[PDB]
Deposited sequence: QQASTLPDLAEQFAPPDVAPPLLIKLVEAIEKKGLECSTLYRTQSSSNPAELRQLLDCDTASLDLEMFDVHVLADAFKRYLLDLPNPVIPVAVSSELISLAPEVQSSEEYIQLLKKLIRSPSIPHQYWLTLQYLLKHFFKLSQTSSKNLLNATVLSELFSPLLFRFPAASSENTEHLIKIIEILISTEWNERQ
């Protein structure tokens, strides 16, 4: 796992990591209407998927392999798209706060902290934008904000324990409200 930190992969005025842009754009061109996108086990194994990530046009690859590399990317980031500091604070407020808008208000506040490079919030915005376009063809790919939230929240937050359904819900809402 040699994948660099989100903050090391790009900086403003760029809006997202160049490699993540290549994946998203390729995946959207080839799999926007695929009813199994992101819900399959492809043939490749982590070492193979890392080869694709560590070293020419992604449109040449099987869409299900790109989808696995997309997941591999999020798993291999040294720190998750949503830092653990943020996840830890949102998780510990769970019994107290039962307001989705406030959780959303707070997630944005914490991830915009000066102690966290802007690249993380920028990356999350790019990912949410991608998840939203997938949901605009949910009739065909079956990916709605809730299903997209259930697939990718454990990758964005990097959590495997049951005081967590609130985190999944904010991602759902953050996808639907773009």
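> In sequence order, what intervals of the deposited sequence carry no C-alpha positions?
Several regions go unmodelled: 1-3, 59-62, 168-170, 189-193.
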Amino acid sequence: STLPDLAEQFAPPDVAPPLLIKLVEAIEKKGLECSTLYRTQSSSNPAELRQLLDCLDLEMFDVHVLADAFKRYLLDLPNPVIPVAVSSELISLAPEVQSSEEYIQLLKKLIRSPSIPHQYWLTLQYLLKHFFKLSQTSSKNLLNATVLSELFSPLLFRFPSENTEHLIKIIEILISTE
From here on, numbers count along this sequence of modelled residues.
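> Would you determine, from the values in the PDB entry, which of 46-54 and 31-39 has the greater average C-alpha temperature factor?
Taking the mean B-factor of the alpha carbons in each, 46-54 is higher.
> Using only the Cα atoms and their B-factors as the entry lists them, report which of 83-91 and 96-104 averages higher.
Of 96-104 and 83-91, the stretch with the higher C-alpha B-factor average is 96-104.
> Quiz for you: based on the deposited Cα B-factor, which of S113, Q119, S153, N144 is highest?
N144 has the highest C-alpha B-factor of those listed.
> So where's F159 on the chain's Cα temperature factor ranking, which third?
Tercile = highest for this residue's CA B-factor.
> Split the chain's modelled residues into thirds by Cα B-factor; is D5 in the lowest, middle or highest one?
Bottom third by C-alpha B-factor.
> Looking at the temperature factor on the CA atom of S135, which third of the chain's modelled residues does it land in?
As the PDB entry reports it, the C-alpha B-factor of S135 lands in the middle third of its chain.
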